[PDB]
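Asks: Next comes the structure file target-v6.pdb, holding PDB, C-alpha atoms.
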```pdb
ATOM      1  CA  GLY A 148     -18.448  19.692  93.658  1.00  0.00           C
ATOM      2  CA  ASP A 149     -19.752  22.772  95.472  1.00  0.00           C
ATOM      3  CA  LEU A 150     -22.577  24.961  94.219  1.00  0.00           C
ATOM      4  CA  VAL A 151     -22.284  28.737  94.455  1.00  0.00           C
ATOM      5  CA  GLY A 152     -24.144  31.859  93.400  1.00  0.00           C
ATOM      6  CA  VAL A 153     -22.729  33.702  90.405  1.00  0.00           C
ATOM      7  CA  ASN A 154     -23.375  37.061  88.746  1.00  0.00           C
ATOM      8  CA  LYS A 155     -25.359  36.885  85.514  1.00  0.00           C
ATOM      9  CA  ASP A 156     -23.232  39.059  83.246  1.00  0.00           C
ATOM     10  CA  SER A 157     -19.719  39.005  84.704  1.00  0.00           C
ATOM     11  CA  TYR A 158     -19.869  35.286  85.573  1.00  0.00           C
ATOM     12  CA  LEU A 159     -18.258  36.107  88.907  1.00  0.00           C
ATOM     13  CA  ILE A 160     -19.141  34.041  91.960  1.00  0.00           C
ATOM     14  CA  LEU A 161     -20.649  35.880  94.908  1.00  0.00           C
ATOM     15  CA  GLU A 162     -21.961  33.566  97.637  1.00  0.00           C
ATOM     16  CA  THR A 163     -21.784  29.917  98.731  1.00  0.00           C
ATOM     17  CA  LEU A 164     -25.065  28.051  98.775  1.00  0.00           C
ATOM     18  CA  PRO A 165     -25.388  25.450 101.548  1.00  0.00           C
ATOM     19  CA  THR A 166     -27.114  22.199 100.657  1.00  0.00           C
ATOM     20  CA  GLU A 167     -28.556  20.075  97.856  1.00  0.00           C
ATOM     21  CA  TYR A 168     -31.615  18.077  98.944  1.00  0.00           C
ATOM     22  CA  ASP A 169     -34.492  16.812  96.828  1.00  0.00           C
ATOM     23  CA  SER A 170     -37.904  18.121  97.847  1.00  0.00           C
ATOM     24  CA  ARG A 171     -39.288  14.596  98.121  1.00  0.00           C
ATOM     25  CA  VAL A 172     -36.786  13.920 100.906  1.00  0.00           C
ATOM     26  CA  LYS A 173     -38.180  16.933 102.748  1.00  0.00           C
ATOM     27  CA  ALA A 174     -41.589  15.268 102.590  1.00  0.00           C
ATOM     28  CA  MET A 175     -40.066  12.166 104.190  1.00  0.00           C
ATOM     29  CA  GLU A 176     -39.303  13.994 107.434  1.00  0.00           C
ATOM     30  CA  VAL A 177     -41.800  13.844 110.273  1.00  0.00           C
ATOM     31  CA  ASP A 178     -42.677  16.982 112.219  1.00  0.00           C
ATOM     32  CA  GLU A 179     -45.806  15.716 113.901  1.00  0.00           C
ATOM     33  CA  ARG A 180     -44.548  13.259 116.583  1.00  0.00           C
ATOM     34  CA  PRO A 181     -47.222  10.537 116.353  1.00  0.00           C
ATOM     35  CA  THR A 182     -47.987   9.882 120.017  1.00  0.00           C
ATOM     36  CA  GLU A 183     -48.269   6.195 120.929  1.00  0.00           C
ATOM     37  CA  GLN A 184     -47.105   4.590 124.157  1.00  0.00           C
ATOM     38  CA  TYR A 185     -45.871   1.105 125.057  1.00  0.00           C
ATOM     39  CA  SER A 186     -48.946   0.228 127.108  1.00  0.00           C
ATOM     40  CA  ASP A 187     -50.983   0.287 123.888  1.00  0.00           C
ATOM     41  CA  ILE A 188     -48.990  -2.656 122.490  1.00  0.00           C
ATOM     42  CA  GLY A 189     -49.993  -5.798 124.363  1.00  0.00           C
ATOM     43  CA  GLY A 190     -48.417  -9.195 123.922  1.00  0.00           C
ATOM     44  CA  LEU A 191     -45.047  -8.289 122.419  1.00  0.00           C
ATOM     45  CA  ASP A 192     -42.832  -7.598 125.430  1.00  0.00           C
ATOM     46  CA  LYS A 193     -40.014  -9.800 124.162  1.00  0.00           C
ATOM     47  CA  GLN A 194     -39.869  -8.029 120.811  1.00  0.00           C
ATOM     48  CA  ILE A 195     -40.398  -4.576 122.355  1.00  0.00           C
ATOM     49  CA  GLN A 196     -37.261  -4.871 124.485  1.00  0.00           C
ATOM     50  CA  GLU A 197     -34.818  -6.195 121.889  1.00  0.00           C
ATOM     51  CA  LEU A 198     -36.016  -3.588 119.414  1.00  0.00           C
ATOM     52  CA  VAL A 199     -35.477  -0.712 121.851  1.00  0.00           C
ATOM     53  CA  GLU A 200     -32.178  -1.839 123.361  1.00  0.00           C
ATOM     54  CA  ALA A 201     -30.721  -2.502 119.913  1.00  0.00           C
ATOM     55  CA  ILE A 202     -31.547   1.065 118.838  1.00  0.00           C
ATOM     56  CA  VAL A 203     -31.974   3.397 121.794  1.00  0.00           C
ATOM     57  CA  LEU A 204     -28.983   2.145 123.800  1.00  0.00           C
ATOM     58  CA  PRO A 205     -26.465   3.173 121.085  1.00  0.00           C
ATOM     59  CA  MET A 206     -28.100   6.621 121.183  1.00  0.00           C
ATOM     60  CA  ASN A 207     -28.046   7.359 124.916  1.00  0.00           C
ATOM     61  CA  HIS A 208     -25.309   5.083 126.282  1.00  0.00           C
ATOM     62  CA  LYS A 209     -22.561   5.234 123.684  1.00  0.00           C
ATOM     63  CA  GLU A 210     -19.741   4.739 126.180  1.00  0.00           C
ATOM     64  CA  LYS A 211     -21.530   1.694 127.623  1.00  0.00           C
ATOM     65  CA  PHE A 212     -20.806  -0.271 124.467  1.00  0.00           C
ATOM     66  CA  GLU A 213     -17.359   1.338 124.292  1.00  0.00           C
ATOM     67  CA  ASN A 214     -16.639   0.436 127.929  1.00  0.00           C
ATOM     68  CA  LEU A 215     -16.528  -3.206 126.926  1.00  0.00           C
ATOM     69  CA  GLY A 216     -15.784  -2.398 123.300  1.00  0.00           C
ATOM     70  CA  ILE A 217     -17.774  -3.877 120.410  1.00  0.00           C
ATOM     71  CA  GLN A 218     -19.416  -2.435 117.423  1.00  0.00           C
ATOM     72  CA  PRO A 219     -23.123  -1.930 118.127  1.00  0.00           C
ATOM     73  CA  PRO A 220     -25.676  -3.872 116.057  1.00  0.00           C
TER      74      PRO A 220
ATOM     75  CA  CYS B  98     -44.021  30.504  86.492  1.00  0.00           C
ATOM     76  CA  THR B  99     -41.476  28.468  88.429  1.00  0.00           C
ATOM     77  CA  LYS B 100     -41.064  26.158  91.431  1.00  0.00           C
ATOM     78  CA  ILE B 101     -39.303  26.984  94.714  1.00  0.00           C
ATOM     79  CA  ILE B 102     -36.674  24.678  96.191  1.00  0.00           C
ATOM     80  CA  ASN B 103     -36.182  26.227  99.643  1.00  0.00           C
ATOM     81  CA  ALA B 104     -35.983  29.393 101.706  1.00  0.00           C
ATOM     82  CA  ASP B 105     -33.171  30.180 104.128  1.00  0.00           C
ATOM     83  CA  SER B 106     -32.810  31.932 107.463  1.00  0.00           C
ATOM     84  CA  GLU B 107     -32.076  35.590 108.401  1.00  0.00           C
ATOM     85  CA  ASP B 108     -32.991  36.847 104.921  1.00  0.00           C
ATOM     86  CA  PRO B 109     -35.491  36.163 102.130  1.00  0.00           C
ATOM     87  CA  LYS B 110     -32.925  34.688  99.628  1.00  0.00           C
ATOM     88  CA  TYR B 111     -35.227  32.098  98.066  1.00  0.00           C
ATOM     89  CA  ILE B 112     -33.865  29.318  95.854  1.00  0.00           C
ATOM     90  CA  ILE B 113     -36.052  28.964  92.788  1.00  0.00           C
ATOM     91  CA  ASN B 114     -36.231  26.492  89.922  1.00  0.00           C
ATOM     92  CA  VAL B 115     -37.625  26.674  86.405  1.00  0.00           C
ATOM     93  CA  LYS B 116     -38.431  24.028  83.785  1.00  0.00           C
ATOM     94  CA  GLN B 117     -35.195  23.483  81.844  1.00  0.00           C
ATOM     95  CA  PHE B 118     -33.091  26.562  82.660  1.00  0.00           C
ATOM     96  CA  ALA B 119     -31.074  27.288  85.774  1.00  0.00           C
ATOM     97  CA  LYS B 120     -31.843  27.899  89.422  1.00  0.00           C
ATOM     98  CA  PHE B 121     -31.813  31.447  90.743  1.00  0.00           C
ATOM     99  CA  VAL B 122     -31.706  33.374  94.002  1.00  0.00           C
ATOM    100  CA  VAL B 123     -34.728  35.658  94.077  1.00  0.00           C
ATOM    101  CA  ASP B 124     -36.776  38.008  96.267  1.00  0.00           C
ATOM    102  CA  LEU B 125     -40.424  38.942  96.815  1.00  0.00           C
ATOM    103  CA  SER B 126     -42.495  41.897  95.696  1.00  0.00           C
ATOM    104  CA  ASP B 127     -44.208  44.432  97.941  1.00  0.00           C
ATOM    105  CA  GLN B 128     -47.672  43.086  97.134  1.00  0.00           C
ATOM    106  CA  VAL B 129     -47.204  39.748  98.947  1.00  0.00           C
ATOM    107  CA  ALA B 130     -46.293  38.765 102.473  1.00  0.00           C
ATOM    108  CA  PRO B 131     -43.405  36.350 103.091  1.00  0.00           C
ATOM    109  CA  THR B 132     -45.958  34.089 104.775  1.00  0.00           C
ATOM    110  CA  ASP B 133     -47.560  32.088 101.970  1.00  0.00           C
ATOM    111  CA  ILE B 134     -44.365  31.518  99.979  1.00  0.00           C
ATOM    112  CA  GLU B 135     -43.750  28.190 101.718  1.00  0.00           C
ATOM    113  CA  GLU B 136     -41.303  25.752 100.191  1.00  0.00           C
ATOM    114  CA  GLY B 137     -42.088  23.496  97.252  1.00  0.00           C
ATOM    115  CA  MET B 138     -44.722  25.771  95.767  1.00  0.00           C
ATOM    116  CA  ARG B 139     -45.290  27.050  92.253  1.00  0.00           C
ATOM    117  CA  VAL B 140     -44.954  30.836  91.889  1.00  0.00           C
ATOM    118  CA  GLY B 141     -45.084  33.388  89.082  1.00  0.00           C
ATOM    119  CA  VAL B 142     -41.952  35.391  88.339  1.00  0.00           C
ATOM    120  CA  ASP B 143     -41.170  38.353  86.070  1.00  0.00           C
ATOM    121  CA  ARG B 144     -38.826  38.029  83.129  1.00  0.00           C
ATOM    122  CA  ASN B 145     -36.198  40.633  84.072  1.00  0.00           C
TER     123      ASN B 145
ATOM    124  CA  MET C   1      11.059  75.973 140.046  1.00  0.00           C
ATOM    125  CA  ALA C   2      14.292  77.435 138.635  1.00  0.00           C
ATOM    126  CA  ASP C   3      16.434  75.184 140.823  1.00  0.00           C
ATOM    127  CA  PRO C   4      14.809  73.967 144.090  1.00  0.00           C
ATOM    128  CA  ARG C   5      15.471  70.233 144.059  1.00  0.00           C
ATOM    129  CA  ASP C   6      12.125  69.366 145.684  1.00  0.00           C
ATOM    130  CA  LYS C   7       9.940  71.511 143.408  1.00  0.00           C
ATOM    131  CA  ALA C   8      11.847  70.720 140.202  1.00  0.00           C
ATOM    132  CA  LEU C   9      11.448  67.172 141.470  1.00  0.00           C
ATOM    133  CA  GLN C  10       7.686  67.709 141.134  1.00  0.00           C
ATOM    134  CA  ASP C  11       7.980  69.954 138.049  1.00  0.00           C
ATOM    135  CA  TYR C  12       8.259  67.089 135.553  1.00  0.00           C
ATOM    136  CA  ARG C  13       6.273  64.650 137.726  1.00  0.00           C
ATOM    137  CA  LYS C  14       3.123  66.601 136.999  1.00  0.00           C
ATOM    138  CA  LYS C  15       4.242  66.290 133.356  1.00  0.00           C
ATOM    139  CA  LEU C  16       5.422  62.656 133.202  1.00  0.00           C
ATOM    140  CA  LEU C  17       2.019  61.640 134.552  1.00  0.00           C
ATOM    141  CA  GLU C  18       0.570  63.526 131.561  1.00  0.00           C
ATOM    142  CA  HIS C  19       3.120  62.725 128.827  1.00  0.00           C
ATOM    143  CA  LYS C  20       2.621  58.996 129.447  1.00  0.00           C
ATOM    144  CA  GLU C  21      -1.151  59.562 129.643  1.00  0.00           C
ATOM    145  CA  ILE C  22      -1.157  61.007 126.105  1.00  0.00           C
ATOM    146  CA  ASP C  23       1.044  58.191 124.713  1.00  0.00           C
ATOM    147  CA  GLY C  24      -1.094  55.286 125.955  1.00  0.00           C
ATOM    148  CA  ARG C  25      -4.244  55.999 123.939  1.00  0.00           C
ATOM    149  CA  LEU C  26      -2.200  57.052 120.893  1.00  0.00           C
ATOM    150  CA  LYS C  27      -1.018  53.469 120.378  1.00  0.00           C
ATOM    151  CA  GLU C  28      -4.565  52.253 121.001  1.00  0.00           C
ATOM    152  CA  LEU C  29      -5.608  54.401 118.034  1.00  0.00           C
ATOM    153  CA  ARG C  30      -2.810  52.720 116.072  1.00  0.00           C
ATOM    154  CA  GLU C  31      -4.338  49.294 116.719  1.00  0.00           C
ATOM    155  CA  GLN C  32      -7.814  50.563 115.824  1.00  0.00           C
ATOM    156  CA  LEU C  33      -6.485  51.952 112.537  1.00  0.00           C
ATOM    157  CA  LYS C  34      -4.439  48.801 111.819  1.00  0.00           C
ATOM    158  CA  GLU C  35      -7.471  46.519 112.143  1.00  0.00           C
ATOM    159  CA  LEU C  36      -9.337  49.081 110.042  1.00  0.00           C
ATOM    160  CA  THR C  37      -6.505  48.998 107.479  1.00  0.00           C
ATOM    161  CA  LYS C  38      -6.601  45.225 106.945  1.00  0.00           C
ATOM    162  CA  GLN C  39     -10.392  45.301 106.636  1.00  0.00           C
ATOM    163  CA  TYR C  40      -9.944  48.133 104.144  1.00  0.00           C
ATOM    164  CA  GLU C  41      -7.343  46.132 102.221  1.00  0.00           C
ATOM    165  CA  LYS C  42      -9.851  43.361 101.532  1.00  0.00           C
ATOM    166  CA  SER C  43     -12.480  45.893 100.434  1.00  0.00           C
ATOM    167  CA  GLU C  44     -10.077  47.299  97.829  1.00  0.00           C
ATOM    168  CA  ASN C  45      -9.379  43.950  96.163  1.00  0.00           C
ATOM    169  CA  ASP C  46     -13.148  43.567  95.945  1.00  0.00           C
ATOM    170  CA  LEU C  47     -13.102  46.708  93.805  1.00  0.00           C
ATOM    171  CA  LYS C  48     -10.373  44.990  91.800  1.00  0.00           C
ATOM    172  CA  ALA C  49     -12.526  41.874  91.546  1.00  0.00           C
ATOM    173  CA  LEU C  50     -15.458  43.503  89.759  1.00  0.00           C
ATOM    174  CA  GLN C  51     -13.773  44.135  86.412  1.00  0.00           C
ATOM    175  CA  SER C  52     -13.076  40.485  85.659  1.00  0.00           C
ATOM    176  CA  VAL C  53     -15.226  38.765  83.044  1.00  0.00           C
ATOM    177  CA  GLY C  54     -15.794  35.034  82.755  1.00  0.00           C
ATOM    178  CA  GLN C  55     -14.278  33.309  79.755  1.00  0.00           C
ATOM    179  CA  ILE C  56     -15.831  30.780  77.379  1.00  0.00           C
ATOM    180  CA  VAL C  57     -14.355  27.304  77.787  1.00  0.00           C
ATOM    181  CA  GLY C  58     -13.811  25.801  74.353  1.00  0.00           C
ATOM    182  CA  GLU C  59     -11.788  23.194  72.471  1.00  0.00           C
ATOM    183  CA  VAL C  60      -9.499  23.316  69.433  1.00  0.00           C
ATOM    184  CA  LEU C  61     -10.533  21.403  66.311  1.00  0.00           C
ATOM    185  CA  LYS C  62      -7.799  22.213  63.765  1.00  0.00           C
ATOM    186  CA  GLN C  63      -5.801  25.200  62.492  1.00  0.00           C
ATOM    187  CA  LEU C  64      -6.660  26.821  59.161  1.00  0.00           C
ATOM    188  CA  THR C  65      -3.983  29.508  58.797  1.00  0.00           C
ATOM    189  CA  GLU C  66      -1.637  31.220  61.249  1.00  0.00           C
ATOM    190  CA  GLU C  67      -4.461  33.366  62.645  1.00  0.00           C
ATOM    191  CA  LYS C  68      -7.558  31.482  61.457  1.00  0.00           C
ATOM    192  CA  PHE C  69      -8.380  28.911  64.123  1.00  0.00           C
ATOM    193  CA  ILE C  70     -11.539  26.834  64.363  1.00  0.00           C
ATOM    194  CA  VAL C  71     -13.058  25.767  67.687  1.00  0.00           C
ATOM    195  CA  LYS C  72     -16.253  24.420  69.221  1.00  0.00           C
ATOM    196  CA  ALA C  73     -17.631  25.494  72.570  1.00  0.00           C
ATOM    197  CA  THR C  74     -19.185  23.284  75.205  1.00  0.00           C
ATOM    198  CA  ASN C  75     -22.352  25.298  74.542  1.00  0.00           C
ATOM    199  CA  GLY C  76     -23.071  24.387  71.013  1.00  0.00           C
ATOM    200  CA  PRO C  77     -21.949  25.569  67.640  1.00  0.00           C
ATOM    201  CA  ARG C  78     -18.556  25.584  65.989  1.00  0.00           C
ATOM    202  CA  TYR C  79     -16.712  28.898  65.681  1.00  0.00           C
ATOM    203  CA  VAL C  80     -13.900  30.275  63.525  1.00  0.00           C
ATOM    204  CA  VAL C  81     -11.619  32.294  65.748  1.00  0.00           C
ATOM    205  CA  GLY C  82      -8.334  34.138  66.172  1.00  0.00           C
ATOM    206  CA  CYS C  83      -5.785  34.355  68.970  1.00  0.00           C
ATOM    207  CA  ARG C  84      -3.329  36.646  70.697  1.00  0.00           C
ATOM    208  CA  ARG C  85      -0.037  37.476  68.965  1.00  0.00           C
ATOM    209  CA  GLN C  86       1.847  36.575  72.150  1.00  0.00           C
ATOM    210  CA  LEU C  87       0.307  33.251  73.175  1.00  0.00           C
TER     211      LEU C  87
ATOM    212  CA  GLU D  25      12.596  58.000 140.838  1.00  0.00           C
ATOM    213  CA  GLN D  26      15.938  58.578 142.566  1.00  0.00           C
ATOM    214  CA  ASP D  27      18.041  59.631 139.559  1.00  0.00           C
ATOM    215  CA  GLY D  28      15.544  62.262 138.400  1.00  0.00           C
ATOM    216  CA  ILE D  29      15.986  63.907 141.786  1.00  0.00           C
ATOM    217  CA  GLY D  30      19.740  64.011 141.234  1.00  0.00           C
ATOM    218  CA  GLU D  31      19.480  65.287 137.660  1.00  0.00           C
ATOM    219  CA  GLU D  32      17.804  68.351 139.182  1.00  0.00           C
ATOM    220  CA  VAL D  33      20.762  68.586 141.607  1.00  0.00           C
ATOM    221  CA  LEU D  34      24.080  68.111 139.773  1.00  0.00           C
ATOM    222  CA  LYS D  35      23.587  70.491 136.826  1.00  0.00           C
ATOM    223  CA  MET D  36      21.203  73.426 137.348  1.00  0.00           C
ATOM    224  CA  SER D  37      22.061  75.596 134.306  1.00  0.00           C
ATOM    225  CA  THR D  38      23.096  72.837 131.881  1.00  0.00           C
ATOM    226  CA  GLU D  39      20.035  70.606 131.393  1.00  0.00           C
ATOM    227  CA  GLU D  40      17.230  72.057 133.559  1.00  0.00           C
ATOM    228  CA  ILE D  41      16.432  74.686 130.919  1.00  0.00           C
ATOM    229  CA  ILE D  42      17.650  72.261 128.224  1.00  0.00           C
ATOM    230  CA  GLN D  43      16.725  68.593 128.856  1.00  0.00           C
ATOM    231  CA  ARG D  44      13.208  69.444 130.047  1.00  0.00           C
ATOM    232  CA  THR D  45      12.828  71.273 126.734  1.00  0.00           C
ATOM    233  CA  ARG D  46      14.659  69.062 124.225  1.00  0.00           C
ATOM    234  CA  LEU D  47      12.993  65.730 125.004  1.00  0.00           C
ATOM    235  CA  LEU D  48       9.641  67.476 125.536  1.00  0.00           C
ATOM    236  CA  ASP D  49       9.717  69.899 122.598  1.00  0.00           C
ATOM    237  CA  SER D  50      10.838  67.114 120.244  1.00  0.00           C
ATOM    238  CA  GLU D  51       8.241  64.911 121.910  1.00  0.00           C
ATOM    239  CA  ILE D  52       5.342  67.348 121.527  1.00  0.00           C
ATOM    240  CA  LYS D  53       6.205  68.239 117.916  1.00  0.00           C
ATOM    241  CA  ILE D  54       6.257  64.534 117.057  1.00  0.00           C
ATOM    242  CA  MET D  55       3.069  64.126 119.130  1.00  0.00           C
ATOM    243  CA  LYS D  56       1.459  67.024 117.237  1.00  0.00           C
ATOM    244  CA  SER D  57       2.503  65.626 113.842  1.00  0.00           C
ATOM    245  CA  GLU D  58       1.422  62.054 114.613  1.00  0.00           C
ATOM    246  CA  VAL D  59      -1.918  62.812 116.315  1.00  0.00           C
ATOM    247  CA  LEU D  60      -3.213  64.221 113.008  1.00  0.00           C
ATOM    248  CA  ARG D  61      -1.705  61.750 110.538  1.00  0.00           C
ATOM    249  CA  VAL D  62      -3.245  58.841 112.461  1.00  0.00           C
ATOM    250  CA  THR D  63      -6.606  60.563 112.997  1.00  0.00           C
ATOM    251  CA  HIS D  64      -7.140  61.907 109.467  1.00  0.00           C
ATOM    252  CA  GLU D  65      -6.260  58.473 108.113  1.00  0.00           C
ATOM    253  CA  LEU D  66      -8.629  56.985 110.706  1.00  0.00           C
ATOM    254  CA  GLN D  67     -11.644  58.882 109.385  1.00  0.00           C
ATOM    255  CA  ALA D  68     -10.651  58.158 105.771  1.00  0.00           C
ATOM    256  CA  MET D  69     -10.368  54.373 106.162  1.00  0.00           C
ATOM    257  CA  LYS D  70     -13.786  54.492 107.860  1.00  0.00           C
ATOM    258  CA  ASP D  71     -15.227  56.512 104.973  1.00  0.00           C
ATOM    259  CA  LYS D  72     -13.458  54.754 102.101  1.00  0.00           C
ATOM    260  CA  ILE D  73     -14.460  51.339 103.436  1.00  0.00           C
ATOM    261  CA  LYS D  74     -18.065  52.581 103.434  1.00  0.00           C
TER     262      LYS D  74
END
```
What is this structure when it is put down as structure tokens?

Replies:
Amino acid sequence: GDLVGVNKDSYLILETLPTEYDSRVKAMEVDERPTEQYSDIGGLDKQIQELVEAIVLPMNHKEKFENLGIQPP
Amino acid sequence: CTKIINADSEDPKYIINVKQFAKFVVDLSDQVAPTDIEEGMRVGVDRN
Amino acid sequence: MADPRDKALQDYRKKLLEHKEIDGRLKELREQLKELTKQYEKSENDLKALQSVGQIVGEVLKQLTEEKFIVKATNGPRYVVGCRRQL
Amino acid sequence: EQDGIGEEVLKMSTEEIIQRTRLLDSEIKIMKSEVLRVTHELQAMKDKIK
């Protein structure tokens, strides 16, 4: 399943090429960091919390779920 | 003329792609900088 | 230094400080050559690599005569072919 | 270092002209032969790997 670089004539492999990603997936990646801050979102402070703590807490406190021991949502 | 998949670090070593044939590992010429050979861009390529 | 036991004491002790000083870096050169030898041994099989030629993967269709065989590649067309007299 | 004092005491005309030659002549002829075999192979395996 790997993909390597081969000589033309000898058909003898030479290198080992790293990855296999479609170019449209490279356009899916952000590199711009669209700056918005939680004060700009009024009237959703219930939904703001339970969105953040269900996502950010398994990314900065991994042991905190594992201290009790559950799978994160 | 072809279409480039990606570059890679430390070295030119561009991954190229053509219409129905294979994908190659290529290099530049002297007449162009390595600047405007950004990824996912159509380029013209000699036959040998 | 013919036979005074205090000078012939020091006769080889100006030498044993030298004869062990010449033997220490000689075995360091052995380890530098040995690591050079193993790196050389890989670079010689790489010479032995670049005579090999890739081989067409095919498939056998039937057998006409003892030497006339008939195959078709995974490229394309059907070929009439021979073999080795050992295989 | 005590026995090498006594080996210069007990026999003065048996090994003092002999032992200080025979394990130093046969050392230095092996040292002369092996300082050039290692070194000339050292430069070759640098060159032939290049």

Asks: To one decimal in Å, tell me the separation between CA of residue 77 (chain C) and CA of residue 58 (chain C).

Replies: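 Going from CA of residue 77 (chain C) over to CA of residue 58 (chain C) covers 10.6 Å.
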
Asks: Excluding same-chain residues fewer than 3 positions from region 161-166 of chain A, what lies within 6 Å of it counting only C-alpha atoms, as an MDAnalysis selection string?

Replies: chainID A and resid 151:153

Asks: How big is the axis-aligned box around the listed atoms of region 152-167 of chain A once 5 Å is added on each side, and where is its centre? Give both in Å to one decimal, as AutoDock Vina command-line options.

Replies:
```
--center_x -23.4 --center_y 29.6 --center_z 92.4 --size_x 20.3 --size_y 29.0 --size_z 28.3
```

Asks: Carefully work through the ChimeraX specification (/C :<10) & /A for this structure and note down the residues it includes, as JSON, numbers by chain.

Replies: {"A": [154, 156, 157, 158, 159, 160]}

Asks: Please evaluate the PyMOL selection byres ((chain C and resi 3) around 12) against the structure above and give the resulting residues as an NGL selection string.

Replies: (:C and (1-2 or 4-11)) or (:D and (29-41))

Asks: Let me see the file: selected residues, C-alpha atoms, as an mmCIF file, keeping the file's coordinate frame.

Replies:
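Heads up, here's the output in result05.cif:
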```
data_model
loop_
_atom_site.group_PDB
_atom_site.id
_atom_site.type_symbol
_atom_site.label_atom_id
_atom_site.label_comp_id
_atom_site.auth_asym_id
_atom_site.auth_seq_id
_atom_site.Cartn_x
_atom_site.Cartn_y
_atom_site.Cartn_z
ATOM 1 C CA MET C 1 11.059 75.973 140.046
ATOM 2 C CA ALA C 2 14.292 77.435 138.635
ATOM 3 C CA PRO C 4 14.809 73.967 144.090
ATOM 4 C CA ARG C 5 15.471 70.233 144.059
ATOM 5 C CA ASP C 6 12.125 69.366 145.684
ATOM 6 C CA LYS C 7 9.940 71.511 143.408
ATOM 7 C CA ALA C 8 11.847 70.720 140.202
ATOM 8 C CA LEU C 9 11.448 67.172 141.470
ATOM 9 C CA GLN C 10 7.686 67.709 141.134
ATOM 10 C CA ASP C 11 7.980 69.954 138.049
ATOM 11 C CA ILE D 29 15.986 63.907 141.786
ATOM 12 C CA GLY D 30 19.740 64.011 141.234
ATOM 13 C CA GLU D 31 19.480 65.287 137.660
ATOM 14 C CA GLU D 32 17.804 68.351 139.182
ATOM 15 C CA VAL D 33 20.762 68.586 141.607
ATOM 16 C CA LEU D 34 24.080 68.111 139.773
ATOM 17 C CA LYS D 35 23.587 70.491 136.826
ATOM 18 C CA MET D 36 21.203 73.426 137.348
ATOM 19 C CA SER D 37 22.061 75.596 134.306
ATOM 20 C CA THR D 38 23.096 72.837 131.881
ATOM 21 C CA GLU D 39 20.035 70.606 131.393
ATOM 22 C CA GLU D 40 17.230 72.057 133.559
ATOM 23 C CA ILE D 41 16.432 74.686 130.919
#
```

Asks: If the PyMOL selection byres ((chain B) within 9 of (chain A)) is run on the structure shown, which residues does it catch, given as a PyMOL selection string?

Replies: chain B and resi 102-103+121-122+136-137

Asks: Just want the 10 Å neighbourhood of region 107-119 of chain B, counted on all atoms listed in the file, with same-chain residues fewer than 4 positions away dropped. Output as a compact mmCIF listing (two decimals) with C-alpha atoms, in the coordinates of the input.

Replies:
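What landed in around_9.txt:
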```txt
# COMPACT_ATOMS: atom_id res chain seq x y z
CA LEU A 164 -25.06 28.05 98.78
CA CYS B 98 -44.02 30.50 86.49
CA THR B 99 -41.48 28.47 88.43
CA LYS B 100 -41.06 26.16 91.43
CA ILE B 101 -39.30 26.98 94.71
CA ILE B 102 -36.67 24.68 96.19
CA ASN B 103 -36.18 26.23 99.64
CA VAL B 123 -34.73 35.66 94.08
CA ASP B 124 -36.78 38.01 96.27
CA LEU B 125 -40.42 38.94 96.82
CA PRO B 131 -43.40 36.35 103.09
CA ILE B 134 -44.36 31.52 99.98
CA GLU B 136 -41.30 25.75 100.19
CA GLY B 137 -42.09 23.50 97.25
CA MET B 138 -44.72 25.77 95.77
CA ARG B 139 -45.29 27.05 92.25
CA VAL B 140 -44.95 30.84 91.89
CA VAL B 142 -41.95 35.39 88.34
```

Asks: Separation of CA of residue 64 (chain D) and CA of residue 36 (chain C), in Å?

Replies: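 A separation of 13.0 Å between them.
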
Asks: Residues within 12 Å of residue 67 (chain C), please, as a ChimeraX atom specification. Count all atoms listed in the file; anything in the same chain fewer than 4 positions from it doesn't count.

Replies: /C:62-63,80-87

Asks: Could you state the separation of CA of residue 41 (chain C) and CA of residue 72 (chain D) in Å, given to one decimal place?

Replies: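 Separation between CA of residue 41 (chain C) and CA of residue 72 (chain D): 10.6 Å.
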
Asks: List as a list in words the protein and nucleic acid residues near residue 62 (chain D), meaning an atom at most 8 Å away when all atoms listed in the file are counted, but skip any in the same chain fewer than 3 places from it.

Replies: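 Skipping anything fewer than 3 positions along the chain leaves residues 29, 30 and 33 of chain C; 58, 59, 65 and 66 of chain D.
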
Asks: Which one is closest to chain D: C:48, C:28, C:15, C:43? Count all atoms listed in the file.

Replies: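 Closest candidate: C:43.
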
Asks: For region 137-141 of chain B, supply N, CA, C and O atoms and format the output as a short mmCIF file (atom, residue, chain, number, x, y, z; two decimals), keeping the file's coordinate frame.

Replies:
```
data_model
loop_
_atom_site.label_atom_id
_atom_site.label_comp_id
_atom_site.auth_asym_id
_atom_site.auth_seq_id
_atom_site.Cartn_x
_atom_site.Cartn_y
_atom_site.Cartn_z
N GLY B 137 -41.50 24.45 98.17
CA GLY B 137 -42.09 23.50 97.25
C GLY B 137 -43.43 23.96 96.72
O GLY B 137 -44.42 23.23 96.80
N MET B 138 -43.47 25.17 96.17
CA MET B 138 -44.72 25.77 95.77
C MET B 138 -44.50 26.54 94.48
O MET B 138 -43.52 27.28 94.36
N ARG B 139 -45.42 26.38 93.54
CA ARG B 139 -45.29 27.05 92.25
C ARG B 139 -45.61 28.53 92.40
O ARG B 139 -46.60 28.89 93.05
N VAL B 140 -44.77 29.39 91.82
CA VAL B 140 -44.95 30.84 91.89
C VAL B 140 -44.67 31.47 90.53
O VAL B 140 -43.90 30.95 89.73
N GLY B 141 -45.29 32.63 90.30
CA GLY B 141 -45.08 33.39 89.08
C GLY B 141 -44.03 34.47 89.26
O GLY B 141 -43.97 35.13 90.28
#
```
